[PDB]
Amino acid sequence: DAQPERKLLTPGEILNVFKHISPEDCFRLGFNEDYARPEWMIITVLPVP
Amino acid sequence: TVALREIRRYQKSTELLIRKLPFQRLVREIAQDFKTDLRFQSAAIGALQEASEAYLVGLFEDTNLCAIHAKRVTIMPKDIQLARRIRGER
Amino acid sequence: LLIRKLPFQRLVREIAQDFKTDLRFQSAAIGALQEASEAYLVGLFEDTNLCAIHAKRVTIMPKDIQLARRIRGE
Amino acid sequence: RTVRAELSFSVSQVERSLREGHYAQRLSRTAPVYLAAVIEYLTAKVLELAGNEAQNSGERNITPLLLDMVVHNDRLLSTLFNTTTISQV
Amino acid sequence: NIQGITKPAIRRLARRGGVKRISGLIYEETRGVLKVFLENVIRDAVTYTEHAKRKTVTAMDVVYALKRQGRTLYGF
Amino acid sequence: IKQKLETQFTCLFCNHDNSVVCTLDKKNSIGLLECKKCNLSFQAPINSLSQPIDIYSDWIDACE
Amino acid sequence: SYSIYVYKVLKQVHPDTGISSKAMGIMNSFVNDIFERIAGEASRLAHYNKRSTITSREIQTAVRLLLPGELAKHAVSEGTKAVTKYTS
DNA sequence: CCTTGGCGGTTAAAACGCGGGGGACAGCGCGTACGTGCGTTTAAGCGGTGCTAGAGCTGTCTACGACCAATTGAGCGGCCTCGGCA
DNA sequence: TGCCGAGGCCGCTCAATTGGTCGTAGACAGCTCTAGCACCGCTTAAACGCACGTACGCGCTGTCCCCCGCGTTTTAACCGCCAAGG
Ligand SMILES: [Zn+2]
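Residues numbered from 1 in each chain as written, not as in the entry; some residues may be left out. Chains lettered and ligands numbered in written order. Part of a larger assembly, values for the part shown. Heavy atoms only, no water.

**Details of the interface of chain B and chain E**
How big an interface is tends to be reported as the loss of accessible area on association of its parts.
Turning to step 1, where the next piece is worked out: Listed per partner, the contact involves 48 residues of chain B and 40 residues of chain E.
Turning to step 2, where the next piece is worked out: Surface buried jointly by chain B and chain E totals about 4,400 Å² across both partners, of which 71% is contributed by carbon and sulfur atoms.
Turning to step 3, where the next piece is worked out: At the junction of chain B and chain E, the tally comes to 2 salt bridges.
Turning to step 4, where the next piece is worked out: A salt bridge links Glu-6 of chain B to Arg-15 of chain E, with the shortest nitrogen-to-oxygen separation between them at 3.1 Å.
Turning to step 5, where the next piece is worked out: Applying the counting criterion to the chain B and chain E interface returns 19 residue pairs in polar contact.
Turning to step 6, where the next piece is worked out: Listing elements by their share of the side of chain B that touches chain E, those giving two or more residues are α1 (2-10), α2 (20-32), β1 (39-40), α3 (42-69), β2 (74-75) and α4 (77-87) of chain B.
Turning to step 7, where the next piece is worked out: Among the elements that line the side of chain B that touches chain E, the one with the most residues is α3 of chain B, at 15 residues.
Turning to step 8, where the next piece is worked out: Alignment of β1 of chain B against strand β2 (residues 56-57) of chain E, held across 2 bridges, turns out to be parallel. (Contact = heavy atoms within 4.5 Å. Buried area = accessible area lost by both parts, 1.4 Å probe. Salt bridge = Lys/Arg side-chain N within 4 Å of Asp/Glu carboxyl O. Polar contact = N/O pair within 3.5 Å; in protein donor to acceptor, adjacent residues only side chain to side chain. Helix = DSSP H or I, 4+ residues; strand = E, 2+ residues; numbered from the N terminus. Pairing = 2+ DSSP bridges.)

Written out as structure tokens, the structure reads:
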């Protein structure tokens, strides 16, 4: 047994990790390179209706 | 004969002869008796096991020589009680 | 000291000549060598004795000395 | 100075280690060249035998089993490794 | 416990050492020699860890503890 | 089976909060408080009804 | 640290034979050990004579002290025939 | 409909009793070469001046290499171009 | 036929060079210490033979505890099931 250090996984931290996912692994995860790219689930600019 | 066979084999190889898990438990137990919940790098325990097995093997060489000196083929307590004394361990 | 000191000095100067030439020795240097040598030999004889007794031999033999020296890593 | 002395170890990096080890207050002009030359000799004597034993046995690379078999054999340098233990892990 | 150093692991080690036939009163002795060796090396490894203000005994603390017994260990 | 639980209690010595771990061994009726920081350890008896607040209460009275 | 030069000497002594990745760490711990032993011993030498500069002479003596016999002879001949080739 | 509290099911091997069968521990017999206390005589060992000087101890003097401070050149990693094997 | 493997160019970070202090390292002198090497008188310590004894070693015996194989079986350690809650 060892002392674990759980730190918060901020959106910005996760955002950079997602852009480095390869196209071949993007497909295998059921996402889609043209229409549903996985880093687009994080919001950086909000559309104003 | 099978004894000789094993000696030809083990002396040929270099894998650790004590089970990993058990050794990890012994080390952590003993260490726990000096300082509570001490965390260990895996390499630390590995270092301890390499050192311990090299030590025991050498000890068994000397022990063997002590047994053979007394015209015996079987290692006993009087062998180690002698090897370790001459080593300055006791 | 149990060895004639002078003999330890002779032997010493002889051995030393084989390493470096025209050497001189302080008397205390030779004395140091003799204390060390005799202490070493005495301890060795203790261990040898233990080997002999181990082999139903309380009386040291060359075999005993050789075992002792092998286990010492000498 | 390493190619100029026709050596293979850097007199520089080792000298930097000496500065960082703080083994003295001031080094000499030619002390690290001697220490790198001497060290270089020990590496080119151990690896010369590891490369002799890899081709004597028939091995291609050099494994730690080759180092453990050589340095405890070869009474030339087995005295340097009386009290060493190659981990093999 | 020390009982994890089993009978056939001490026998295997003896086989590596060159022992032919081994008497029964040697495993306990080995268990008692191995425990002394670990109590001498782990004390120094824990001393280097408490000196380094750590809580994890790394492998270089074990290499330093074996170096303080004339048992230098290469590969860590 | 033992229960290893983290708590939101403050260690009475090092004062780090949310760093006290409680190990309750009901098979032998022995509860164990541990810090994760200074790692001070405290043992106390537990029943079958006890919870991390029961031994942490016994630790407050064992100091005072 | 010293692993980049072990392979560079190995290319001279055996340009055909390669080396593993654990054996490089073993040769690197061997080099950092015989370095911190020769420099340590040399440091002891510079203190016993109350000097302040480690010259090549304290390295030649620490090589004579540490290495036994023919390894010290060869060790002192390679350092001497490297310092002389250096000064020229 | 989904994920933890404690519980069977999941292996490499040893917890080896215990059936078999023999290497070899310690006491006992004989049995021989070597082996030290005491004995002789000795050649070196312990303690004293006499003589003679090498270099350590301690003092102040003169001195050359490192510390930390501004310059600035080569090795290495990230772009970026060139090129023959598939 | 053409793009990823390798060498070249542009930045990064640490190494190399130069100039002023600066106390410590090297020189050097005065001078007393214990090591210098040569001879006496006496003595504790050493070279060589003895011999009946205790220890050192070889051979045969008992019975006896580790020797080798098999089988599940159990801790320790990796993979799936009971039926309560939110
Ligand atoms: Zn605390």
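**Section: unusual backbone geometry**
Turning to step 1, where the next piece is worked out: In this structure, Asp-22 of chain C is a non-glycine residue whose phi angle is positive, near 60°.
Turning to step 2, where the next piece is worked out: By the element assignment, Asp-22 of chain C lies in the loop between α1 (5-17) and α2 (27-54).
Turning to step 3, where the next piece is worked out: Of note in this structure, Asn-39 of chain F is not a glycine but carries a positive phi near 60°.
Turning to step 4, where the next piece is worked out: Mapped onto the elements of the fold, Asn-39 of chain F is located in the loop between β3 (30-35) and β4 (41-45).

**As for the protein's contact with DNA strand I**
Turning to step 1, where the next piece is worked out: Surveying the vicinity of DNA strand I reveals 24 residues, the closest of which are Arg-4 and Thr-59 of chain C together with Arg-11, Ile-22 and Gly-24 of chain E.
Turning to step 2, where the next piece is worked out: Take the atoms of DNA strand I that sit within 4 Å of the protein: sugar and phosphate atoms are 100% of them.
Turning to step 3, where the next piece is worked out: The contact in question runs from a phosphate oxygen of DNA strand I to an N or O atom on the side chain of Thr-59 of chain C, over 2.2 Å.
Turning to step 4, where the next piece is worked out: Within the side chain of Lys-63 of chain C, an N or O atom sits 3.5 Å from a phosphate oxygen of DNA strand I.
Turning to step 5, where the next piece is worked out: Looking at the surface near DNA strand I, the elements with two or more residues in it are α1 of chain B, α1 (11-21) of chain D together with α1 (7-17) and β1 (21-22) of chain E.
Turning to step 6, where the next piece is worked out: Across the surface near DNA strand I, the residue classes break down as 8 nonpolar, 7 polar and 9 charged. (Near = heavy atom within 4 Å. Nonpolar A, V, L, I, M, F, W, Y, C, P; charged D, E, K, R; others polar.)

**Focus on the protein's contact with DNA strand H**
Turning to step 1, where the next piece is worked out: Taken together, the neighbourhood of DNA strand H is formed by 19 residues, with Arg-72, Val-73 and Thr-74 of chain B, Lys-5 of chain C together with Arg-21 of chain E sitting nearest.
Turning to step 2, where the next piece is worked out: Taking the atoms of DNA strand H that fall within 4 Å of the protein, sugar and phosphate contribute 94% of them.
Turning to step 3, where the next piece is worked out: Interatomic distance of 3.5 Å between a backbone N/O atom of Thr-74 of chain B and a phosphate oxygen of DNA strand H.
Turning to step 4, where the next piece is worked out: Interatomic distance of 2.5 Å between a side-chain N/O atom of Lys-5 of chain C and a phosphate oxygen of DNA strand H.
Turning to step 5, where the next piece is worked out: For the surface near DNA strand H, the secondary structure elements donating two or more residues are α1 of chain C, β1 (26-27) of chain D together with α1 of chain E.

**Examining the sheet that holds β4 of chain F**
All names here are of chain F.
Turning to step 1, where the next piece is worked out: Strands sit in the order β1-β2-β3-β4 across an open sheet of 4 strands; the sheet is antiparallel. Whereas interior strands pair on both sides, the edge strands pair on one side only; in this sheet they are β1 (3-6) and β4. Direction aside, the axes of adjacent strands within the sheet are offset by 20° on average.
Turning to step 2, where the next piece is worked out: Inspection of the sheet shows strand β2 (residues 20-25) paired to β3 by 6 bridges, in the antiparallel sense. The residue bridging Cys-22 from the neighbouring strand is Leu-33, located in β3.
Turning to step 3, where the next piece is worked out: Seen against the sheet, helix α1 (residues 52-63) touches β1, β2, β3 and β4 and runs at an angle of roughly 110° to β4. (Axes fitted to C-alpha atoms, helices over the stretch in contact; angles between N-to-C directions.)

**Notes on the packing of helix α2 (residues 31-57) of chain D against helix α1 (residues 3-13) of chain G**
Turning to step 1, where the next piece is worked out: Look at α2 of chain D against α1 of chain G: their axes get within 10 Å of each other, and the N-to-C directions meet at 60°. Judged by the inter-axis angle, α2 of chain D sits oblique to α1 of chain G. Seen along the crossing, α2 of chain D lies across α1 of chain G with a hand that is right-handed. Facing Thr-43, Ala-44, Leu-47 and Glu-48 of chain D of α2 of chain D, the residues of α1 of chain G in contact are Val-6, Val-9, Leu-10 and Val-13 of chain G.
Turning to step 2, where the next piece is worked out: Here the contact of α2 of chain D with α1 of chain G is built from residues that sort into 6 nonpolar, 1 polar and 1 charged. (Parallel < 35°, antiparallel > 145°, perpendicular 65-115°, else oblique. Left-handed = near helix turned anticlockwise from the far one by under 90°.)

**Concerning the pattern of salt bridges**
A side chain with one charge can pair with a side chain of the opposite charge if their charged atoms come near.
Turning to step 1, where the next piece is worked out: One pass over the full model with this rule turns up 21 salt bridges over all chains.
Turning to step 2, where the next piece is worked out: For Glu-15 of chain B, the salt bridge goes to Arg-16 of chain E, with nearest N and O atoms at 3.7 Å. Here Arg-16 of chain E lies in helix α1 and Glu-15 of chain B lies in the loop between α1 and α2, a pairing that spans two chains.
Turning to step 3, where the next piece is worked out: Residue class for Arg-16 of chain E comes out buried when judged on its relative accessible area of 14%.
Turning to step 4, where the next piece is worked out: As a salt-bridge pair, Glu-74 of chain C and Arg-69 of chain C come within 2.9 Å of each other at their nearest N and O atoms.
Turning to step 5, where the next piece is worked out: Here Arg-69 of chain C falls in the partly exposed class, since its relative accessible area comes to 34%. (Buried < 20%, exposed > 50% of the residue type's maximum accessible area, 1.4 Å probe, protein only.)

**Thoughts on the packing of α3 of chain B against helix α2 (residues 27-51) of chain E**
Turning to step 1, where the next piece is worked out: Across the interface, α3 of chain B lies against α2 of chain E with an axial gap of 10 Å and an inter-helix angle of 135°. Here α3 of chain B lies oblique to α2 of chain E, going by the angle between them. α3 of chain B and α2 of chain E meet at a crossing whose hand is right-handed. Here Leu-48, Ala-51, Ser-52, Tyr-55, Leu-56, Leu-59 and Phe-60 of chain B of α3 of chain B lie close against α2 of chain E, whose contacting residues are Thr-30, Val-33, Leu-34, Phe-37, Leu-38, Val-41 and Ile-42 of chain E.
Turning to step 2, where the next piece is worked out: Looking at the contact of α3 of chain B with α2 of chain E residue by residue, the class counts come to 12 nonpolar, 2 polar and no charged.

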